[PDB]
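Report on the following structure.
Note: hydrogens, waters and symmetry copies are ignored here, and every other heavy atom, side chains too, is used. Chain naming here is simple, since letters A, B, ... match the order of the sequence lines and numbering starts at 1 in each.
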Amino acid sequence: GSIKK
Amino acid sequence: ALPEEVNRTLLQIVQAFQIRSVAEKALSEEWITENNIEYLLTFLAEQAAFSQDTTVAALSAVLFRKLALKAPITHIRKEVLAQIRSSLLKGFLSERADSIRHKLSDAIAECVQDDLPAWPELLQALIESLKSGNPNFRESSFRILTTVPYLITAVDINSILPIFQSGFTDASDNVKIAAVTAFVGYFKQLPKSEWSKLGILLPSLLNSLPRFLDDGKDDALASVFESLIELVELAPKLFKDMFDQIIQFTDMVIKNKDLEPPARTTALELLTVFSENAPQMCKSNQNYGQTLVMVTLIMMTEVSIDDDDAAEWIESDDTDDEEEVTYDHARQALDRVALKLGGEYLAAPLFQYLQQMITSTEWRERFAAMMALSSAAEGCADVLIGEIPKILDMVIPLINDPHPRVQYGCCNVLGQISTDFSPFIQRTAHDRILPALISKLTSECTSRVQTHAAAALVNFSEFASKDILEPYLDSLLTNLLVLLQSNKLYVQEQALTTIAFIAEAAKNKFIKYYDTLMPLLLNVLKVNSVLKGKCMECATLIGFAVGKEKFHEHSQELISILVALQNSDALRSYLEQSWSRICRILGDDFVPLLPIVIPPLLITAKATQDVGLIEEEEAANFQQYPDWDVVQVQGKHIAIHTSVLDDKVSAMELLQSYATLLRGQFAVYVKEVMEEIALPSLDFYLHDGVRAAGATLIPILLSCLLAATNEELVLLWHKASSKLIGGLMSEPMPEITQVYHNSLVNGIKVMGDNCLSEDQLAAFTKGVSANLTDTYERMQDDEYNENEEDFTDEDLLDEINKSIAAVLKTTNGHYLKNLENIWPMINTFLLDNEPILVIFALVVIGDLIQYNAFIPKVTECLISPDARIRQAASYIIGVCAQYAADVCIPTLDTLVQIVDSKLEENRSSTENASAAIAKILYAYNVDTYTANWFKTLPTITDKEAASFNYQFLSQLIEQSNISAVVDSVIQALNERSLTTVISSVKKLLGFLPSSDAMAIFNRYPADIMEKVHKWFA
């Protein structure tokens, strides 16, 4: 539940 | 050519392919012998060539290919190989179906080998077939040139060049693809010394490209692009003088969005790959970066086609839309290029576009601007870290954009940059970022935007202090409680995860919020496995944050629910980490829970290599799955279940963490884990992760057993050390070799003195030799390529020095004898121009003296431009005077000069030289030399060097330097480099009246003065 590429 | 007898028998068998299995046995058991293999190969070659049945001819050609390797074709008599070759060739030139000529071509390829007598009938057959009016004849010829690239070397240069030039231009696209494939295949198979022979044909290839767009054959264009992508990875410099033409052509293809994605994505990949193989070439050309940025920005716009309201995107998962392919490729492309070329090259052309797109009335461009910055942020961090109020001045105003996906887009940036610009952005922009993200948690915004803002809060929290988060916590949590009440499952799940990692960062500052959140969490669990998994993760992370005592108010109930969940694959991992996290909380109180937790870990960690002896065709067919991989060992393929072995590693990592925490409490499992899991894992040759996990497991297991208690510990260590040693002279991966040596040191550290036997020490020397030999060979290895990443060699040589030092220590010297056998290789390192091998050799010699023909190079290394070499050399000279004069005293003013330096990069070197003075000055004990040494003080970086400088300083004791004497000690203590010269100093202050004694500390602040009194009298 995080923002990643 | 065969007796009529044999034909009917073999024809029946090949046709039969009860009736079938009888044929398979007959072939493999009877017809593949020294007495029958020649007849069989003769038969199959004839069937493939002359049989007018499709299946018989096809299978025979396939069978002939397979069995040609195994025989091998080398040990076949002359008269029969000639007949086989001639029949294969006759079949090739006859009328066969396309698929059969393909299989004939593959069969023919097995009959060409440097082993064998020359086959000039084939070369002349190919030359005429290349001129044939049948595309299949021309295609199959290039196919053979692809399989047997050395045939290209055989043809005269003035024939082979027009052949490829004709191939690139051929009216048939199948021929063109095969021609390009053969051309590139030439480069990936032959040495570079053969490259400047077809290399001159690249302009012909590039000039053939615009033809694909005219004929409207973008599908064939994609295939050629992929072959070109491979050529860039092999010989990028070949593209140098036509670089701009490549760039403009890829640009034209990508902008043409009436084309299908394959031509556009492969064109993008072609452009991208230049940055990964020729970074200097890309940087020397401003047109590349500008085109790359422009093209990726265009493709990132292609989202929500025929849906301007994004009414489909609003109503879906927080997962990615698999249909937005060009958008996905553009993101990864920009990211990959930015990582390679850096900010100072393409930050300016990027922002020149971002400034524009931010103000568009088309929301897709406003959205794209946010995603582009998100992708490029990491690679451009070296520049964008400094322009950090600038970026927020563009991004943050877009948070309230009328369109939801622009809002979503804005949250994504703040999230991504919270990671890439950490930890500086947390300390600096929390005042702007957190209020921005918090304002989007409100329930008036759409679900997708709330969720992504909550996701961004995880990124920010990861590197934010508890002191910084504290005034934001209540507002953060009240909002997330609302997200927790959503009817959309993915909003609930994100709310739990965000809360969990906010709590992790908050630590003890979260105890405030325990009483309100924990019952809400318990309620969720008591009633969607992803939900419960994230909920248990949230509960245990909160538990570690607030501490054991506070956690105990719900721990047992939480544990009972965990048990129900475990015995009821995302969930399995959530449950495992929860158990592991509870262990970190409870400490020794976790012991009664081991019978619940450990047995499933034991099972998974005992998984064997699921291998499948595989065959050519039904491979790649297995490659589809991410959980399967196939490789070749020595000729024959194999298929391996990678995921199963990954799960093995994960289980071993958990077993290791339990052992590390519990120490002696885990001793009961040591013997089982060592013999059934740790050591068998070293023989896992198709998965290096397992091998590494098995090695690191060893010293910690023995550490557990020693603390609890022994012949078993000795027996297990002897078994563990012997398999570690045996791995050194066999392990192919240099990365793994480092782990074994590191594992040995850690093992020796645990087991103590006399932990090795004579055999082991000798077999260890063998491994050290093979490791040094192969490292020297690899490091001793351009017209086509640009001029690191090889610290793999340096890190390997790093750990080897520590193993030698460890082995020397446990043997208390007696490894000196064994170590002489590899001095010839040691000597070469010392006298090689190459820094890494030089540093290694110097460090070894320093460890040697610790317990004639090297002083020449060491004194030369003293004045070296490299500080690492000066440090190692100085230590050698210093350690010489330590426990071993005709060199020390002469070099004593050399080291005076080297000392004169105090810079972070070279601070370590000048501190060893410093210490090297102090013990030349100790064994020989000049009073002007000491005065020189005194102004090298204090020593704050090197521990062992500082340890002695002050030892000597206390010998010169037990004027006006008294405050320089004291501060030298104060700075050493405060910088934690040294730790009773204190006793000596206090005596010096004793010979002065108090008023003069105290005033020395009249320059230190409260911080250090607090320590000073808990240091002295």
Side-chain angles (χ1 to χ4, degrees), chain B residues 849-850 871 874-875 877-885 888-896 898-901 907-924 926-942 944-950 952-954 956-957 960-975 977-985 988-1001 1003-1009 1011-1013 1015-1017:
Chain B
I849 308 158
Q850 228 173 330
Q871 161 159 17
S874 316
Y875 188 77
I877 287 304
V879 79
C880 277
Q882 211 177 318
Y883 23 73
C888 301
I889 297 159
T891 55
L892 185 40
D893 270 280
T894 319
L895 297 172
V896 155
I898 305 171
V899 131
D900 297 302
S901 64
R907 170 92 68 161
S908 203
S909 160
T910 68
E911 269 181 12
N912 276 98
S914 147
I917 307 305
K919 219 160 325 192
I920 290 175
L921 280 171
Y922 180 58
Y924 314 162
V926 147
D927 281 45
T928 263
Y929 281 26
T930 312
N932 186 331
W933 163 81
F934 192 76
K935 323 282 181 140
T936 204
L937 271 63
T939 316
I940 54 182
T941 298
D942 196 281
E944 37 278 303
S947 165
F948 179 79
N949 276 1
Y950 291 84
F952 186 27
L953 184 63
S954 176
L956 288 153
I957 297 177
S960 174
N961 290 336
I962 186 127
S963 320
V965 164
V966 171
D967 179 73
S968 74
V969 177
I970 299 300
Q971 299 303 322
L973 293 171
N974 188 84
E975 221 73 89
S977 55
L978 176 96
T979 273
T980 61
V981 200
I982 291 179
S983 310
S984 317
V985 167
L988 223 46
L989 292 161
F991 285 167
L992 282 162
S994 42
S995 65
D996 294 299
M998 34 196 45
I1000 288 201
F1001 313 99
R1003 80 193 229 196
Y1004 300 109
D1007 182 356
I1008 292 82
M1009 286 297 285
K1011 295 176 178 148
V1012 157
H1013 301 212
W1015 276 344
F1016 294 84

Using 0.5 Å steps for rounding, measure from the [atom1] atom of [X] to the [atom2] atom of [Y].
X	Y	atom1	atom2	result
B:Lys1011	B:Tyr1004	NZ	OH	13.0 Å
B:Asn974	B:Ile940	CG	CD1	10.0 Å
B:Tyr929	B:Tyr924	OH	OH	13.0 Å
B:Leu988	B:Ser983	CG	OG	12.5 Å
B:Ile877	B:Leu895	CD1	CG	7.5 Å
B:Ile898	B:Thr910	CD1	OG1	10.0 Å

Heavy-atom pair of closest approach, residues [X] and [Y]:
X	Y	result
B:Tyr950	B:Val969	CE2-CA, 3.6 Å
B:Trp933	B:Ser914	CD1-O, 3.4 Å
B:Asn961	B:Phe934	CB-CE2, 4.1 Å
B:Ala916	B:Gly878	CB-CA, 3.8 Å
B:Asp893	B:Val896	O-CB, 3.3 Å
B:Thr941	B:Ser908	CG2-OG, 4.2 Å

Worksheet item: Strictly by modelled atom types, are B:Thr939 and B:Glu911 linked by a side-chain donor-acceptor pair under 3.5 Å?
Response: no
Fill in: Non-neighbouring partners of B:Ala884 that pass side-chain contact (heavy atoms from CB on, under 4.5 Å), sequence neighbours left out
B:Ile849
Discussion item. Please enumerate all residues that pass side-chain contact (heavy atoms from CB on, under 4.5 Å) together with B:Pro993, with sequence neighbours excluded.
Written reply: B:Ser995, B:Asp996
Quick check: do [X] and [Y] have side-chain heavy atoms less than 4.5 Å from each other?
X	Y	answer
B:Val966	B:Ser963	no
B:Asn932	B:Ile917	no
B:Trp1015	B:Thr979	no

Practice prompt. Any pair with a residue in residues 960-974 of chain B that passes salt bridge (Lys or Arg N to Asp or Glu O under 4.0 Å), sequence neighbours left out, goes on the list, sorted by first then second residue, please.
Written response: B:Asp967-B:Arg1003
Worksheet entry | Heavy-atom donor-acceptor pair, B:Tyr875 side chain to B:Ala915 backbone, under 3.5 Å | no
Item to complete: May I ask you to decide if B:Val926's main-chain N or O and B:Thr930's side chain share a donor-acceptor pair within less than 3.5 Å?
Response: yes
Practice prompt. Can you label the angle between the B:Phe952 ring and the B:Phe948 ring as parallel, tilted or perpendicular, going by 30° and 60°?
Written response: parallel
